[PDB]
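As structure tokens, one chain now follows by itself in the form solved without the partner chain.
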């Protein structure tokens, strides 16, 4: 399932994920692709911060959904 992760300046990171992926799994994919430590990532979907141990399922994230990445 393709999703988009937009950085604060509006850069798009396109990811391939599964609905059963945890947020922590998504952070590790961002680490692999971008070199950013998971512990520095905040992922946001529709204005809310996402919890590391919860799956994409718990947020109804769907094909082409857009998340936002803010570095802490």
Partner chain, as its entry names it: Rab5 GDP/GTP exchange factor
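Positions refer to the first chain, counted from 1. Between two forms, the rigid core is defined as the largest C-alpha subset superposing within 1.5 Å.
Farther on average from this form in 7 other deposited structures of this protein lies stretch 4 to 12, the comparison being between 4 to 12 and 63 to 71 by RMS Cα distance after core superposition. Annotation for 7 to 15 versus 21 to 29: the higher mean temperature factor (C-alpha) is found in 7 to 15.
Among the modelled residues of the chain, residue 1 sits in the highest third by CA temperature factor in this PDB entry. Residue 57: CA B factor in the highest third of modelled residues in this chain (values from the PDB entry).
As for the form deposited with the partner chain bound, it is not shown, yet the points below apply to it.
Although the partner is absent here, residue 25 lies well away from the partner chain in the deposited complex, with no heavy atom inside 4.5 Å. Applying a 4.5 Å heavy atom cutoff to the partner chain in the deposited complex picks out 20 as the lone residue from 20 to 45.
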